[PDB]
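Listed next as structure tokens is one chain, alone, in the form deposited in one PDB entry.
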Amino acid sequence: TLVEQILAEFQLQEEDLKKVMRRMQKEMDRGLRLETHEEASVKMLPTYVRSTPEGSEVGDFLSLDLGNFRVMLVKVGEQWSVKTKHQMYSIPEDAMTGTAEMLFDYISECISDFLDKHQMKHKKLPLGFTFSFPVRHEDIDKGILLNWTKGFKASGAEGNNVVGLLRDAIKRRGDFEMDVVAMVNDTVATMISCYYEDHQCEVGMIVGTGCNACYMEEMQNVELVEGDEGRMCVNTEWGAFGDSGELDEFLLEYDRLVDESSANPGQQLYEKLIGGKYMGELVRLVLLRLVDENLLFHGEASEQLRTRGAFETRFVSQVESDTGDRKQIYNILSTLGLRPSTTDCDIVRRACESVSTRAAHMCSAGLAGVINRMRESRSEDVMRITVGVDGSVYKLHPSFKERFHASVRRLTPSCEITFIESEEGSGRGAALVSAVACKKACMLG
């Protein structure tokens, strides 16, 4: 009963989800205004991706996705045929700890490997780059890294042109040639990839290691950009929502602990409630509190349970996947150096559920804010929209998307939302934006 009382702190009322949604809407309006942009927690970064007429260039497009690293070859043929090939690459700590130069040298090396395994190192291809970090764009192929997120810390990157860093590393290597045609956020790439299959897709969302959304905003509303005709995609960077104290009445001890011990204290607070980088850690801290209060594992925690990041977000998914026999739960805890009881297993499950349900409900508040804002901007009484979604939390968590879809739909009564689970959106969309941008780019000279 004391266990249940502690887990009940994660609960959120429909009245406070509505408070969060309206606060997100207020923060979104702030990010778009020239007057409040520099102070605004939700940056609402213009992407330079504009509503496009039918079709794109036909051909072979290379895609890079950083934010594991992925190289993708996308074949666009002609009605339309889109075929993909991919390779995954694990980033070594050295490439993460050092310079931006070392990071882009390892990315270049991965590109060479992909080119050799696909018998194409002699081909000079157009390249789309998904770079899943806040970027101030000057165009579709030029953007400066505002700051790292999700524990990324390579020196000499912030304030520099990310496209320039990649081009330099390709030149230093001298093993292949590529035309870097576009750089997009993963939300943007996901939206573009799902748009290919559904033209009503005007929102891209990520629920992975981090959490973010982008959407098609009226050009009239984008004050940081010249023009009043059509629409442009805006990268909300909503992970930073709560950084100017917007979420203070909702933050728990476990949230402030995760934040204090993170690579970016005081930053990405909304994200820190939802993202897979943080989810497992919130659970480990809830479990440690139960152990300290002698309510779980007879007050005896292991050296492994006491280590930061030892409770992987994958364990949270696995725990909530458990059939009922508690065998999955027992095995995770046994490997973690613990000897749990059956009751201990049930406690671990309930803690996992408390953290993930809060993540889904917090996430739905943000997405509803975006959809409700668009409905107003488009003066649509009944707005029919598609949301393209990528990320391991949304895709692989046992009940996250069910809990998330219902909560979004309760906050959006006047909307008909379709959710597309994007299989390879983050990577595929970088190539498709390149294919669309290449109608103009390949003719610049």
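What we label the rigid core is the largest C-alpha set whose atoms superpose within 1.5 Å from one form to the other. Throughout, we count residues from 1 along the sequence that is shown.
What comes next is about the form deposited in another entry, which is not displayed.
**Student:** Fix the rigid core, compare C-alpha positions between the shown form and the other one, and report which of 380, 29, 416, 402 shifts by 2 Å or more.
**Tutor:** Comparing both forms, the shifted residue turns out to be 380.
**Student:** Spell out whether the Cα of residue 119 moves at least 2 Å between the shown form and the other one when the two forms are superposed on their rigid core.
**Tutor:** True for residue 119: a C-alpha shift of 2 Å or more.
**Student:** On a rigid core superposition, would residue 84 pass a 2 Å threshold for CA movement between the shown form and the other one?
**Tutor:** Comparing forms between the shown form and the other one, the residue 84 CA shifts at least 2 Å.
**Student:** Aligned on the rigid core, do the two forms place the Cα of residue 38 2 Å or more apart, comparing between the shown form and the other one?
**Tutor:** No, shifts by less than 2 Å.
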